[PDB]
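Presented as structure tokens, the chain that follows is alone, the form deposited in one PDB entry.
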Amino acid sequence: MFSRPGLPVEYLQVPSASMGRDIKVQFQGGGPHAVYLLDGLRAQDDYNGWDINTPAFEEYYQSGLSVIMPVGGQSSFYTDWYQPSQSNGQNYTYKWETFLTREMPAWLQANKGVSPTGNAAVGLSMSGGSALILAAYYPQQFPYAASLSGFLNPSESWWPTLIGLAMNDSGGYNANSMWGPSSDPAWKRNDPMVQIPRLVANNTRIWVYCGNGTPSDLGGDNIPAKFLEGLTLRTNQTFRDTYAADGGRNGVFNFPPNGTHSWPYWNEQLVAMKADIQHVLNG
């Protein structure tokens, strides 16, 4: 982990009444407002990917912002599922939106003094869209959201299938148990592209990054993974175009040709957005 000695990183056990279990949370206090760092598709139950692969905590130490790294939620898309993943034996239903928007913030407010409002949600790949959705539906809690190499049009064309494939490949989770068949409204409800009107209306400050190239931490190798990576960039470009078309004016769109879908670049983006977050959240 990059949470080396000196950094006041705590490991909290936060009860989730909705999921009937305790959720581990890596936390670094540094102010009433916090940056929620969401993990990727293969989120582990011991440490958040951000701490494993980047010096995120150190980079935000003394930034005037607390850093919250929830642990776990493999292939959960940080959303509330319809039912336990049907196939891999999950014995409970993922309710990560409920955890992130109600249970965890309530806990941190009562015990740490972290404000449940005026925070930033930052996600990458799997959680890229999650961050924008959290901000779309919970503007008070998240006036700021960043998506790094996110899947921003999950309900469109190949996306439901690609997402289902990724989830199955990551812990054997079932996308159908999450948002039902692709025709289910849950897919559009959790589609950043479809929810752009919300982001515009709430004047959400959005930071959207997308690299390009394969292989990467996004995947790569074979033709299917290559298609996914290519679709990811194109969809991010369409998201930017649609956001603009819909009246959006508070976004930062970073599409550097040499940017990659990797922790080094996602970390670079996290650092680059620090000043932006500080100004928006503590300005």
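Whichever C-alpha set is largest while still superposing within 1.5 Å between the two forms counts as the rigid core. When you see a residue number, it is the position in the sequence shown, counting from 1. Only residues modelled in both forms are compared.
Another form, the form deposited in another entry, is not on view; read the next lines as being about it.
**Q** Given a cut-off of 2 Å on Cα movement between the shown form and the other one, rigid core as reference, pick the single residue from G251, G30, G220, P55 that exceeds or meets it.
**A** By this measure, the answer is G220.
**Q** For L233, decide whether the Cα shift between the shown form and the other one is 2 Å or greater, given a superposition on the rigid core.
**A** No: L233 shifts by under 2 Å between the shown form and the other one.
**Q** Is the CA-CA spacing of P256 and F227 tighter or wider in that other deposited form than here, given a 3 Å or more change?
**A** Between the C-alphas of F227 and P256, the gap narrows in that other deposited form (3 Å or more compared with this form).
**Q** How does the C-alpha distance between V122 and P224 change in that other deposited form compared with the present structure, closer or farther, given a change of 3 angstroms or more?
**A** Relative to the shown form, the pair is closer.
**Q** In sequence order, what are the runs of at least 3 consecutive residues whose C-alphas shift by 2 Å or more between the shown form and the other one once the core is aligned?
**A** Shifted segments: 4 to 6, 214 to 231.
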